[PDB]
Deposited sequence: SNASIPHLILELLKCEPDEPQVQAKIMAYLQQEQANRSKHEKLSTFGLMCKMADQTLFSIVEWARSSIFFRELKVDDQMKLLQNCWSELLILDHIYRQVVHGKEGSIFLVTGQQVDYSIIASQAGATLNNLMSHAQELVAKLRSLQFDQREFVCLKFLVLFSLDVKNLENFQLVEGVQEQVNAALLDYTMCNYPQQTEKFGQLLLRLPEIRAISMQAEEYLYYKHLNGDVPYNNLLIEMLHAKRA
C-alpha cells in the first residue's frame, strides 16, 4: 500500500491540465530560447504556488520559505522536466510543460551546443529512471527532499524532521512496492546530486545569457538567478 505521508504529498500536486492551459495561454500571448525563458518563468510561478500549497512548507515563516526556494528552484525545474519525459516522453522527443511535443533534434538545435549538452545529460537520467520504474509516488517524495534540503533557518527542526520522515516513507514505499528492484531507494537518491549538478550548470548558463543581455524581461526568473 501507499504510506499516508505520501498520500498527503500527492494532494499538493498541481492540476496538470490547468497548468498546461495556463502556461499555453501565456506563451501564445523573440527567440525560441527567449520563449523558453518565459516558459520557465511561468513554471517557477507554479512551483512557488505548489510549495505554498504544501503541507509542512506552509508552516515555515516566509524567511525560511524564501531560503529553501532560492536554494532549489532550478533543481525543481529540472526534476519536473525529467519526470515529464519519464511519463509522457518518447524516444527522440521533448515534452514541454505546455503539453507540446517537439522533436529533440529541432529544439536541441535552437538551444545551442551548451544547453543541448545539459539536455542530453538530463535525457540520460530519464532513461535510467524509466528502467528503475520511477513512478509518481517516488516523484513527489524527491520533490520534497529537494525542497526540504539539509544543506540550507529559524525552524531547522521542522526541515530536518520533514526530511527524515519523507526519506523513511520513500524507503518503505520502494521496498514494499518494488522489492525485486534491489536498492531502488538508494538508486533514486543517487540522482539528486546529478540533477543538482545539471541545474547549477543551467543557472550559470542562464546567468551568463542575462549578463549578456539575452534573457528578456522575466522578473521572477531573474530574481531567482540573483538569489
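Several segments of the deposited sequence have no coordinates for C-alpha: 1-3, 33-42, 166-167, 243-245, numbered from the first residue.
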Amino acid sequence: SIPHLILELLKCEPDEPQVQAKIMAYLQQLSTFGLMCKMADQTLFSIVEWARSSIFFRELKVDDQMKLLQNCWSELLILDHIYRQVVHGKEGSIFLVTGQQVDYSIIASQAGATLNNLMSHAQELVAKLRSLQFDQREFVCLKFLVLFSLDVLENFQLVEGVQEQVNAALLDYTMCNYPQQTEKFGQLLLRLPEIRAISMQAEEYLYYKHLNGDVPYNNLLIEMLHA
From here on, numbers count along this sequence of modelled residues.
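Remark: stretch with higher mean C-alpha B factor among 121-129 and 88-96 is 88-96.
In this crystal structure, the stretch out of 156-164 and 42-50 whose C-alpha atoms carry the higher mean B factor is 156-164. For residue 191, the recorded CA B-factor ranks within the middle third of the chain. Only modelled residues enter the ranking. Annotation for residue 5: C-alpha temperature factor in the lowest third relative to the rest of the modelled chain, per the entry. Residue-level temperature factors show residue 199 in the lowest third of its chain, judged at the C-alpha atom. The entry lists a Cα temperature factor for residue 72 that places it in the middle third of the chain's modelled residues. The PDB entry assigns residue 66 a C-alpha temperature factor belonging to the middle third of its chain's modelled residues.
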